[PDB]
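So the structure is just underneath, and the comments pick up after that.
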Amino acid sequence: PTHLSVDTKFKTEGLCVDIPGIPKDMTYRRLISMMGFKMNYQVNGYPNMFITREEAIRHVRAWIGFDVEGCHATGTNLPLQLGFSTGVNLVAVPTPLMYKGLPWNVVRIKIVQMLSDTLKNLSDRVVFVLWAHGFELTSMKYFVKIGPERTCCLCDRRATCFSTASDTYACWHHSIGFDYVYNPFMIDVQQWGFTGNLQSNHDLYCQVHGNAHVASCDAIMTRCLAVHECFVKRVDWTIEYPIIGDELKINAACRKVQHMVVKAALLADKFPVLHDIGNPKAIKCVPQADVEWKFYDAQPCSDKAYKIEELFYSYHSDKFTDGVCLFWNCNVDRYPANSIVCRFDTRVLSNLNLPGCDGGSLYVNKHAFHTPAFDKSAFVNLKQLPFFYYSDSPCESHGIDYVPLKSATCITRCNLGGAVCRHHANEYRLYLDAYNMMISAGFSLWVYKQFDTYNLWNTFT
Ligand SMILES: CC(=O)Nc1cccc(NC(N)=O)c1
Ligand SMILES: CC(=O)Nc1cccc(NC(N)=O)c1
Ligand SMILES: [Zn+2]
Ligand SMILES: [Zn+2]
Ligand SMILES: [Zn+2]
């Protein structure tokens, strides 16, 4: 057992209002057959359209909530409303963005374009995330083809689309003009064992996604509940995720900014103790610094921000009021005034940051971190940390091509002396790039209000 056996049982109670009379005794094999697909006793990399929870979790970047509603109602084929967690609603006729009624042959083209544009920078596949009541599963034959695992007609990537026009296969990158989703995956969240309907289960955990009673709304709620179950209530930091973007540069930048900012604060205000609050694996980011370095363990909160009352009180320099507190992606309700803070802004648009549960976002960079909603009120005792570069390293090249650097924010012996040296200019520009990377990836930096870079100039005399 690595994949989901097609001979696994499927609970059909969810299905029986769109599909009256459905057998109680039902496997994936009989269900895939009922959906009009033929698995043609095939050992070719696609053993089941349906996947385990573990497989879905490994493919979270591929998740698209999908819901279909009998627009007209339950011989008599009537219009269907197709909703996706992208906020798209399509109406298919048999003849919160809301499109007029069109035949399947044009609806299927729009489905490929939408999935391709959403997923090409995210994933090698699609995982349709369902709260299955019947119409979603019986609609698939009209826009899905299955068969052996194939590759793109223009690259090495696995095929995700098929064209009836040209009888060829494409990935998400190369699918323009393709009309069928090829070898999609799917998970029915109702199989996980809930009481009561989607809204009632979704609304236990999340107040940000309403019900307009359109299909896209159920599609979003279904994916939200799935993220809640797999990344909020349950958490797995062993699971690794592929590089799809600037992960490595962002992580390098984060290390360089943390060392820079913490080193500068210790030099400027000479705190006798630093309280390092957060990752239990955390290492001294300024190993040479005089200070008393005291660590406090807190795993990433994935549900609600930690309450400062529980982190601190219940009895350590015990006095967290002594020296400075370092919260480096340790998300709390309200930072103390004597803090250095890095806080991920869940609202940022990137390929690393997926929509999450209850205003939170799912930040996927090597591991998946469901991050509680960014809240500006957490930072009331602090101010934004302005950009600066600080170095006491000697002015000395070794081994670029130069416009001489002029900057008020290049805090070096050489800038003090009137003229930035070439070494410090190269380092400044590398640091500014790293900084810009980290910010644009969605990290925000906050500091105690007395922090002033003017105090760093006298650390050279
Ligand atoms: C009760 C009812 O509408 N049934 C049904 C079943 C399958 C497809 C469709 N319609 C379609 N536009 O494909 C309708
Ligand atoms: C990168 C991100 O957004 N999340 C993250 C990463 C490492 C540690 C923590 N938090 C902790 N309290 O250990 C959170
Ligand atoms: Zn391709
Ligand atoms: Zn929600
Ligand atoms: Zn210099």
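Just to be sure before I move on: is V129 within 16 Å of ligand 4 (Cβ to nearest atom), within 30 Å of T74 (Cβ to Cβ) and outside any loop (DSSP other than H, G, I, E, B) in the structure I sent?
Spelling it out, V129 is indeed within 16 Å of ligand 4 (Cβ to nearest atom), within 30 Å of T74 (Cβ to Cβ) and outside any loop (DSSP other than H, G, I, E, B).
Give the residue that is nearest to the chain's Cα centre (by Cα), with candidates limited to residues of region 89-132 that are surrounded by fewer than 21 Cβ atoms within 10 Å (Cβ to Cβ) and β-branched (V, I, T).
For region 89-132, the residue satisfying everything is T118.
Could you list, in sequence order, the residues of region 304-324 that are touching a helix residue (DSSP H, G or I) at 6+ places or on another chain (Cβ under 9 Å) and part of a strand (DSSP E or B)?
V324
Being among the charged types (D, E, K, R) and surrounded by 10 or more Cβ atoms within 10 Å (Cβ to Cβ) is the filter; apply it to region 393-430 and report the residue that is farthest from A265 (Cα to Cα).
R422
Under 9 Å by Cβ, and 6 or more places apart or on different chains, what pairs join a residue from region 96-119 that is assigned by TED's automatic domain parsing to the domain that holds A219 with one that is basic (K, R)?
As it stands, the answer is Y99/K110; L102/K110; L119/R61; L119/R125, since those pairs meet every condition given.
Quick one: in region 49-98, of everything that is charged (D, E, K, R) and not in a strand (DSSP E or B), which residue is farthest from ligand 3 (Cβ to nearest atom)?
Only one residue fits best here, namely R53.
Under 6 Å between Cβ atoms, at least 6 apart or on separate chains: pull out the pairs that start in region 349-363 with a residue that is within 13 Å of ligand 2 (Cβ to nearest atom) and end on any residue that is part of a loop (DSSP other than H, G, I, E, B) and β-branched (V, I, T).
Listed by first residue and then by second, the contacts come to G360/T346; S361/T346.
Run down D218, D276, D269, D236 and say which single residue is touching an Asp or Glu at 6+ places or on another chain (Cβ under 7 Å) and more than 16 Å from ligand 1 (Cβ to nearest atom).
Residue meeting the stated conditions: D218.
For region 156-175, name all the residues that are more than 26 Å from the chain's Cα centre (by Cα) and not aromatic (F, W, Y).
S163, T164, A165, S166, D167, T168
Going through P372, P394, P386 one at a time, which residue ends up being within 16 Å of ligand 4 (Cβ to nearest atom), over 9 Å from the mean Cα position of the chain (by Cα) and within 24 Å of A252 (Cα to Cα)?
Going through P372, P394, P386 in turn, just one is within 16 Å of ligand 4 (Cβ to nearest atom), over 9 Å from the mean Cα position of the chain (by Cα) and within 24 Å of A252 (Cα to Cα): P372.
With the structure loaded, tell me whether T52 is surrounded by 15 or more Cβ atoms within 10 Å (Cβ to Cβ), in contact with a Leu (Cβ under 6 Å, 6 or more places away or on another chain) and either under 30 Å from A73 (Cβ atoms) or not charged (D, E, K, R) (or both) or whether it fails that test.
So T52 passes the test.
Quick check: is even one residue across region 167-190 within 16 Å of ligand 4 (Cβ to nearest atom), outside the structural domain of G360 (by TED's automatic domain parsing) and either part of a helix (DSSP H, G or I) or over 27 Å from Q42 (Cβ atoms) (or both)?
Yes, the conditions are met somewhere in region 167-190.
Within the set of pairs 6 or more residues apart or between chains, which connect a residue that is assigned to a strand (DSSP E or B) inside region 289-303 to a residue that is surrounded by fewer than 17 Cβ atoms within 10 Å (Cβ to Cβ) with Cβ atoms less than 6 Å apart?
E292/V273; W293/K284; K294/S317; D297/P280
Numbers and lists here come from the model and the stated rules, or from a named source; no laboratory read-out is quoted. When we count neighbours, we look across all protein chains shown, and the Cβ atoms used for this are built from the backbone with ideal geometry, even at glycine.
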